[PDB]
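Reviewing the structure listed below.
Heads up, the Cβs are rebuilt from the backbone with ideal geometry, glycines too, and the neighbour counts pull from every protein chain shown. What is reported rests on the model, the rules as stated and the sources as named; no laboratory instrument gave them.
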Number of protein chains: 2
Amino acid sequence: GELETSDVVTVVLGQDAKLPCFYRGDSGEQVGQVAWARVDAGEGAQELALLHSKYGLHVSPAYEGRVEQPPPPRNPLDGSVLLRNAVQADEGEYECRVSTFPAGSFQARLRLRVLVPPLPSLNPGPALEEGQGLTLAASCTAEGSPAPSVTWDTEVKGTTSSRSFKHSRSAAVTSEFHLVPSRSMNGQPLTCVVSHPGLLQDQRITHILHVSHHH
Amino acid sequence: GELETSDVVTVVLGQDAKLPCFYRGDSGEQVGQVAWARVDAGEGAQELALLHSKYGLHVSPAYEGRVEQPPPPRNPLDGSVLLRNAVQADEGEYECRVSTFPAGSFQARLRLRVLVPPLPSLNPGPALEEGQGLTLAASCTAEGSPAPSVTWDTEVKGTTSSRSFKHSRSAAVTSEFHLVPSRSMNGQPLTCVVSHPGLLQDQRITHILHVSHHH
């Protein structure tokens, strides 16, 4: 008669997170009350909600109006809750404590993973003239968690370098195309293609290159 | 509508400890379930018992047959328990968590103090002869928690020194009487009088001094 729960739950930003906690008990045992706390290492523990065999769900003031029980019918032995509109601030571990009879109490943890897709930018390099050698065409910047994958799709010949800075809860990566300007390159599209887990369609933003004759 | 509890409970060894936890709620609020854990700093937390609005008291396997609810009638809002036969191993702090509606949950701590009275010994010094100068009459040793207070009650003239070693959970104190032997001191009682908080009658054990003539 043990305690079923997920190992790590994954949502994309803005989706509702369903936190699993179902005590798969046999014919002679009931649950008394299920408490959901947030394992906060050093930031105390942040109580989400507790739900009681009789008196229902009491959602905590912090998550007031954010937590609710899954639509019925629900097994009376199930203490799962839904965290509405998941946000980056919710990443981390969560304790599901349950008190059962005649078994005793149990607890299970789970880690919640919030994917945040990027909102990329492209920024053109200097005015490109048919004269000069290797220079900046454009650079393309995407921050998200996990770190997005930024590449270039184009016809023209060129070299890239990139950088990838880990920030507190995400990672910004930037890439940049380099090329020797050629008038043959004018009006030709250079497009930046970013990919992310939280993105079912890879994002693509396009720059139309310009080059002028040596003057 | 707050949560009444004692600040620190005190029992003498072998007595039953009553741990107070009574939610003095007003007309619109009930308790769902009350959990008693032991605040164990680094030794996890040792769950005592939890008692549920419907399903009763579930006492934890560690304290199996040691914990029970106070004789009825008991206010249904009261979660107090009795720890039967208090022992030194029980000294420390205890968390009383309660889950209330529509209030929310509360918790209160208390520190349990177990007084252990001493079982003193007296050990005679060397054979005391009318000849010698300052020497050992006897020494008297008492260990308890808190540290007992050992003194001497007698007719004869003498000096004492004592030592007092703190041990892990108690303190042993020893005292010793000193005197210049005199035949006038033979058959005369030297008695060691120890006092303790956990002792309503001060303990007294008596030694009958001997001294023999220079030979």
What's the number of the condition B:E43 fails, among (1) surrounded by 13 or more Cβ atoms within 10 Å (Cβ to Cβ); (2) of a type in the set (D, E, K, R); (3) over 14 Å from B:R97 (Cα atoms)? (1)
Hits in segment A:54-105 (condition: closer than 15 Å to A:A17 by Cβ, aliphatic (A, V, I, L, M) and out of contact with any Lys or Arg (no Cβ under 9 Å at 6 or more places or on another chain)): A:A86, A:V87
Only one residue in A:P102, A:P73 is outside the structural domain of A:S168 (by CATH), surrounded by fewer than 14 Cβ atoms within 10 Å (Cβ to Cβ) and within 20 Å of B:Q33 (Cβ to Cβ), so which one is that? A:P102
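May I ask you to list the residues in segment B:111-137 that are closer than 30 Å to B:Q33 by Cβ and touching a helix residue (DSSP H, G or I) at 6+ places or on another chain (Cβ under 9 Å)? Step through it out loud before you land on a result.
The first filter runs over segment B:111-137 and keeps only residues closer than 30 Å to B:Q33 by Cβ, leaving B:111-114.
Passing the criteria: B:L112, B:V114.
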Note on A:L48: of the conditions (1) touching a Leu at 6+ places or on another chain (Cβ under 8 Å); (2) within 14 Å of another protein chain (Cβ to nearest Cβ); (3) over 16 Å from A:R111 (Cβ atoms), unmet is (3)
Scan segment B:76-91 and tell me whether some residue there is touching a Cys at 6+ places or on another chain (Cβ under 9 Å) and closer than 29 Å to B:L199 by Cβ. yes
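So which strands (runs of 3 or more DSSP E) stay within segment B:68-162 end to end and still have 1 or more residues that are within 14 Å of another protein chain (Cβ to nearest Cβ)? Steps first, answer last, please.
Values: elements: B:81-83, B:92-101, B:104-115, B:121-124, B:135-144, B:149-154.
The qualifying strands (runs of 3 or more DSSP E) are B:92-101, B:104-115.
Within segment B:52-82, can you find the residues that are among the aliphatic types (A, V, I, L, M) and either in contact with a helix residue (DSSP H, G or I) (Cβ under 6 Å, 6 or more places away or on another chain) or without any contact (Cβ under 8 Å) to a residue 40 or more places away in the chain (or both)? Can you show your working first?
Keep residues of segment B:52-82 that are among the aliphatic types (A, V, I, L, M), which gives B:57, B:59, B:62, B:67, B:77, B:81-82.
Correct list: B:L57, B:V59, B:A62, B:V67.
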Checking the condition surrounded by 15 or more Cβ atoms within 10 Å (Cβ to Cβ) and more than 30 Å from B:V34 (Cα to Cα), which residue from B:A147, B:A108 passes? B:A147
Could you grab the pairs with beta carbons closer than 6 Å, sequence gap of 6+ or different chains, first residue in segment B:166-186 and outside the structural domain of B:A89 (by CATH) and farther than 13 Å from B:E155 by Cα, second one in a loop (DSSP other than H, G, I, E, B) and among the charged types (D, E, K, R)? B:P181/B:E130; B:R183/B:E130
If A:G14 satisfies every condition in (1) in contact (Cβ under 8 Å) with a residue 24 or more places away in the chain; (2) in a strand (DSSP E or B) but one, which is the exception? (2)
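Counting only residues that are part of a strand (DSSP E or B) and not small (G, A, S), which one in segment A:52-67 is farthest from B:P102 (Cα to Cα)? Give the derivation first.
Of the residues in segment A:52-67, the ones part of a strand (DSSP E or B) are A:52, A:56-59, A:67.
From what's left, not small (G, A, S): A:52, A:57-59, A:67.
Values: A:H52: 12, A:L57: 10, A:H58: 7, A:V59: 10, A:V67: 16 Å.
Checked segment A:52-67; the qualifying residue farthest from B:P102 (Cα to Cα) is A:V67.
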Are any residues in segment B:25-51 over 24 Å from the mean Cα position of the chain (by Cα), in a strand (DSSP E or B) and in contact (Cβ under 8 Å) with a residue 60 or more places away in the chain, and if so, which ones? B:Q30, B:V31, B:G32, B:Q33, B:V34, B:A35
For segment B:179-204, which residues satisfy the criterion of being assigned to a strand (DSSP E or B) and exposed (fewer than 15 other Cβ atoms within 10 Å of the Cβ)? B:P189, B:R204
